[PDB]
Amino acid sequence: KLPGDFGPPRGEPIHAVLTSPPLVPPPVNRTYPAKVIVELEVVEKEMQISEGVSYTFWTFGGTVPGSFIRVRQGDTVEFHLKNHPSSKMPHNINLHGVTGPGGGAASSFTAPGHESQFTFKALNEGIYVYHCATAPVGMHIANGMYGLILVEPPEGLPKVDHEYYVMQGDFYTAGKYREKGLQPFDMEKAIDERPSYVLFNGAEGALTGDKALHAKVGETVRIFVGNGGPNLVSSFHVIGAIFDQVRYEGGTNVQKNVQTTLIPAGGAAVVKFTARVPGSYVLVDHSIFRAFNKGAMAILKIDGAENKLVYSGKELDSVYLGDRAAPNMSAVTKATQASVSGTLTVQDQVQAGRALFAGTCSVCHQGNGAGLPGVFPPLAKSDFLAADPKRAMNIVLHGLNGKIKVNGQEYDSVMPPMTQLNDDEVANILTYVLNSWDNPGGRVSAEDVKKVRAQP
């Protein structure tokens, strides 16, 4: 007999439990094969990919990644794909782990307002990516059409305290990283495999700050980790921790005691972690510019007792978490909305600048702007700043080096350029600085920065 040869479906049909990320459906907890009816609906919708940056996502079930599907090896799955009548595109589905043409894609082609169905036996146990397979396939996947399906072994997976759902994807916007507004898909960037964002669960900050995953010291955590791509291979890593186990798809091989593991485009793995020390543990793609310049960071926050014999030291994690150490960056979202409305206040800018100043500036100038005498000059009550507050725009954009004097102290160092910052970002940061620490006040606009950036 084939694999999953467990007998005919028994009992009543089961109408399947789908879940939204980062959560997983419960274990099926049964010892017999069932007929499982799955209903999944495609929805095309604008969502925020980053604070003040909107994108038209194409979704399975209203989320990126799509709704999580959980069945048992040997089940017969009757799959219903609906395409919402608001959709502009046709869609379909390819489930990895399906035995058949297109993994279902050949049978699930569904126009807006229609529904398709096909049936498959889940022969292969494992964790599997599913995704849309409608031409142009890459555009559909790039727009967010991917998720996971778990096919349990017949005895179920071992019990753990938490199960979570995390999926990486690469995204291609016409605009640059953190450029505000509704950003179109960019086919040229996509073909060249040059993403503007690389994210977990469809957005910057999806799993950071107040949206972190949780567990307690001593608890076990299983994460179902997908890589939807379309194009990147993840050097998937947990900062400050180790994986007890890493298992790809339905593979017989299991790797144990590793921290860094390569996930193919379209690949999926199950990882397991045991919490040992409190704090924030960071899931990243260790192709590091993805993690720290394009959004590829997610957090597991562990609460419980300290273990000073295992780890003893200070906890200044804003030095690397930067602007994602805080609970959120809602001040940026709000400043952007107010700017679109034409109602942007000085305070709107100050609070957005405060959020962005973390990491970006604070690593050298400190959270309080004091700097460090002789090494980093102060922004707090800075005579150099007050002498020519406009020149601060050039300093941020193009850097500063050479001998300067600030508040009666000599400096001879190097501030790197930060040209990657967008005009609103520079404007907001500088407005924050001007309105803090007894600086002269006033404001810098995005338009001011635009003019300075354009100077030869």
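Note that residue numbering begins at 1 and tracks the sequence as displayed.
Student: Using only the Cα atoms and their B-factors as the entry lists them, report which of 272-280 and 144-152 averages higher.
Tutor: The stretch with the larger average C-alpha B-factor is 272-280.
Student: What stretch has the higher average Cα B-factor here, 318-326 or 119-127?
Tutor: According to the entry, 318-326 carries the higher average C-alpha B-factor.
Student: Which one, 238, 379, 262, 300, has the peak C-alpha temperature factor per the PDB entry?
Tutor: The record points to 379.
Student: Which is it among 387, 69, 37, 42: the one with the largest CA B-factor in the entry?
Tutor: Largest recorded C-alpha B-factor: 387.
Student: Taking the values exactly as deposited, rank residue 252 by C-alpha B-factor within its chain and report the matching third: lowest, middle or highest.
Tutor: For residue 252, whose C-alpha B-factor we compare with every modelled residue in the chain, the answer is the middle third.
Student: Which third of the chain does residue 223 land in by C-alpha B-factor: lowest, middle or highest?
Tutor: Within its chain, residue 223 is a lowest-third residue by C-alpha B-factor, going by the deposited values.
Student: Split into thirds by Cα B-factor across the chain's modelled residues, where does residue 56 land: lowest, middle or highest?
Tutor: It falls in the middle third of the chain.
Student: For the chain shown, is the CA B-factor of residue 186 in the lowest, middle or highest third of its modelled residues?
Tutor: As the PDB entry reports it, the C-alpha B-factor of residue 186 lands in the middle third of its chain.
Student: Can you tell me which third, lowest, middle or highest, the CA B-factor of residue 439 falls into for its chain?
Tutor: Highest third - that is where residue 439 ends up once the chain's C-alpha B-factors are sorted.
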